[PDB]
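Following: one structure in structure tokens, then a few remarks.
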Amino acid sequence: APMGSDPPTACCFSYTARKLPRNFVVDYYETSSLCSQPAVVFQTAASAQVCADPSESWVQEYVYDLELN
Amino acid sequence: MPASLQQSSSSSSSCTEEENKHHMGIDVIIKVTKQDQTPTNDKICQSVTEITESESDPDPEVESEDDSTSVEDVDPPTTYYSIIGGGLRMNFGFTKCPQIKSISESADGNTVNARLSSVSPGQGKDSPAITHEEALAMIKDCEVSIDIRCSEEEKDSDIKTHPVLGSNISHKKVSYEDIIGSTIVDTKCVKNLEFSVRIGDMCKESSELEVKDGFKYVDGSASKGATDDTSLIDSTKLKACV
């Protein structure tokens with residue numbers, strides 16, 4: 001299964017200014033590494049995916065919470 | 001065309017006369033460039049599905065008949081659209097931003113456009129009016145979301161011979177405000193993707209209530225830069241996808 005040449009990438013370029021309460025956040029996923037400026041991406045209910053700067057503790061706590069339950 | 005019974009105060013009829021009031025509207029631009037490898041597909045306006053978390057349409061809001069302490073609500077939920085077309089799917093998701101009743105798309109070469117915005121007074125749809133305080137507040141919280149992917153729906157297009165309703169707002173250069181939130185794109189089906197936004201009175205600019213934002217994605221190259229997005233795309237080739 002020869003790996004692809006140099007697959008583009010899917011890293012965040014901007015973060016949302018509004019923190020969507022847990023109720024509208026059932027899952028999440030992390031960007032990548034091929035970008036020297038990654039971040040955490042959270043899923044919702046009526047949208048899809050939205051980047052989030054991990055610089056905010058609330059984002060770190062939201063991830064930690066999703067890690068348990 | 002029949003009938004004629006119709007007032008004139010209705011914001012849908014014409015602009016208001018309340019000095020301290022101006023119908024604020026949103027208008028985003030999207031110039032997507034396909035990669036030189038993605039099959040051909042100019043069947044824009046494939047379809048669109050509006051959704052609103054909790055806001056729905058009546059008045060349930062999840063229907064949480066059990067108080068205790070939680071009060072996260074406060075701010076209104078979010079509204080997103082799944083406008084499929086051009087062999088791609090551009091997912092929206094605005095929050096605390098003027099309602100969007102205008103949706104159109106077009107295909108030219110290996111690129112495809114998409115204009116989402118609100119309607120200007122005297123058009124045929126609503127046009128909620130608000131004060132300067134409520135406006136200045138919105139322009140601050142208003143945050144858009146984007147997440148384009150790669151579609152393959154060869155289904156036909158569903159357009160309407162009805163001209164595209166504009167917000168009467170231009171895309172010139174004005175004050176800068178961070179509106180565009182997250183912007184994830186699977187380059188696997190999009191080489192370059194430009195974005196431009198601008199919220200302001202759709203009746204008569206007011207400078208203060210006028211702002212804008214926009215980036216420039218070109219083969220992985222992203223860069224912020226305010227510029228005259230007045231011609232970013234031919235608004236004359238836009239067709240309503242209804």
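Count begins at 1; order follows the chain as displayed.
Looking at the header, which is where the method is noted, we find solution NMR.
Placed from the backbone N, Cα and C atoms, the Cβ positions cover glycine too.
Taken from Swiss-Prot, the feature disulfide bond covers A:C11-A:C35, A:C12-A:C51, and the record attributes it to similarity to another entry.
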Sparsest Cβ surroundings (other CB atoms within 10 Å) among the disulfide-bonded residues A:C12, A:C35, A:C51: A:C35
Chain B neighbours, restricted to the disulfide-bonded residues A:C12, A:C35, A:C51, by C-beta under 8 angstroms: A:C12, A:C51
CB contacts for A:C11 (disulfide bond) [other CB atoms within 10 A, all chains]: 19
DSSP state at A:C11 (disulfide bond), helix/strand/coil: coil
Integer Å distance between the CA atoms belonging to A:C51 (disulfide bond) and A:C11 (disulfide bond): 9
Alpha-carbon distance [A:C35 (disulfide bond); A:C12 (disulfide bond)] in Å: 9
Assigned element (helix, strand, coil) containing A:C35 (disulfide bond), judged by DSSP: coil
A:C51 (disulfide bond) and A:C35 (disulfide bond), Cα-Cα, nearest whole angstrom: 14
